[PDB]
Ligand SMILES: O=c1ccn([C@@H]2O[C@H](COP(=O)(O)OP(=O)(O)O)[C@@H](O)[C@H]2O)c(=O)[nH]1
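Next up: just one chain, as structure tokens, the form solved without this ligand.
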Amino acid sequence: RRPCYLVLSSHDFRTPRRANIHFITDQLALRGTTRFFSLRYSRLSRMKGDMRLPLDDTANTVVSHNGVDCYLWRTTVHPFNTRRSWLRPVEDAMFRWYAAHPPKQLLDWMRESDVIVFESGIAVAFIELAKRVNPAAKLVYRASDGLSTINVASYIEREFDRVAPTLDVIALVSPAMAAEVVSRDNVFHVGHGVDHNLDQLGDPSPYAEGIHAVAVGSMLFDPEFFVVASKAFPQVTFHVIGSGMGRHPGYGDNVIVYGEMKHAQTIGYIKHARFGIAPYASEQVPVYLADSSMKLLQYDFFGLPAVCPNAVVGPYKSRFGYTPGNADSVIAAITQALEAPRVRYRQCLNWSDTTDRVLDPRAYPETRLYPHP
């Protein structure tokens, strides 16, 4: 049915506020029958506060959502990194057990698929199974994150090293991820895409007169940034969108705090801002985050100058680094961003062109991270 796709991920396709894997899956759904099988969910997830808990009454059944067949697999317990070295044989046993007991629905979908996409993380544990069920299927690993950054259990790191050479495609969001990938000939660089109609979404402006700065998203969200920034720049209005928290009592009156916004509504706040902010509270982040940050990519699409921690400035112009918790550095970076010109320095492929490269990177030899054949 055109090519049939299966995506394996710890996301569920139905969870509001899409991550990169959702945007890719939207493109898959345009190309053929597309399935999204959600992993690492269990009765144990209830005690931990999993974002998929609203979908619990649909567990272990197929639900159609936006043209995609979705399945939230719920087991009694799921394997995880206990972060105790003495518990490693228990972990390994739990992971082996998990991988050894796939539901019939997963097996059927694997068999039916022409292409199986595994997102970095728990999906690693099912790569060998996929090869056994459907050796004809193209196996594509989408490295949204490095395994060590997401801190997967030892079992997952070892299994990925073991199976990585067997994958048809290892599609890294950033070349900085390649150092920890134990393979070469099948390793490619395919960054995140952007919406093909980003420029149509930006107009009209949500802002009136004056200087407006924007932050979108809740990742490592640092309210202390805005406590300092709002006081130091009373002439700037700070638009804090989808931060995952409310109005911190230290925010100046020049901070406007918004609830979660759908992707398309955020664009006007981004395009029409003077500068953007990625207020990550910690610099204990991978080198690849400069490339993989979805919010920084959106700013970059418009050439929006950005203020962000030093650790995520990376190989980019128009990003002004500060040290989280250091007020003077915050102030200095904003000062620089206010005077930075807007220039579209970064080339941003749309999601369709991005998906083309994730699926068939060998057709786009510029994606190769190792010597071309």
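Start at 1 and count along the sequence shown; that's the residue number.
Comparing the deposited coordinates for 87-95 and 163-171, the stretch with the larger average C-alpha B-factor is 87-95. Stretches 260-268 and 298-306 differ in mean C-alpha B factor, with the higher average recorded for 260-268. If you compare the C-alpha temperature factors of 241, 178, 211, 123 in the entry, 211 comes out highest. The PDB entry gives the largest Cα B-factor of the residues 133, 289, 77, 277 to 77. Ranked by Cα temperature factor within the chain, residue 186 sits in the middle third according to the deposited record. Placement of the Cα temperature factor of residue 355 within the chain: lowest third of the modelled residues, per the deposited record. Residue 218: CA B factor in the middle third of modelled residues in this chain (values from the PDB entry). Ranked by C-alpha B-factor against the other modelled residues of its chain, residue 113 falls in the middle third.
In the PDB entry, residue 327 places in the middle third of its chain by CA B-factor.
If you look for the form solved in complex with this ligand, you will not find it shown, but the lines that follow are about it.
Relative to this ligand in the entry with it bound, residues 218, 295 and 298 are all within 4.5 Å by at least one heavy atom.
Residue contact check for residue 280: one or more of its heavy atoms lie within 4.5 Å of this ligand in the entry with it bound. Taking the partner from elsewhere, residue 259 is found to have a heavy atom lying within 4.5 Å of this ligand in the entry with it bound.
Using a 4.5 angstroms threshold between heavy atoms, residue 223 stays clear of this ligand in the entry with it bound. Shown alone here, residue 96 lies farther than 4.5 Å from this ligand in the entry with it bound, counting heavy atoms only. A single residue from the set 274, 263, 247, 231 has any heavy atom within 4.5 angstroms of this ligand in the entry with it bound; that residue is 263. The partner is absent here, but in the entry with it bound a heavy atom of 241, alone among 115, 106, 241, 123, sits within 4.5 Å of this ligand. Here the chain stands by itself, but in the entry with it bound one stretch of 199-207, 153-161, 173-181, 263-271, 263-271, has heavy atoms within 4.5 Å of this ligand. Residues from 141-166 do not approach this ligand in the entry with it bound: none has a non-hydrogen atom within 4.5 Å of it.
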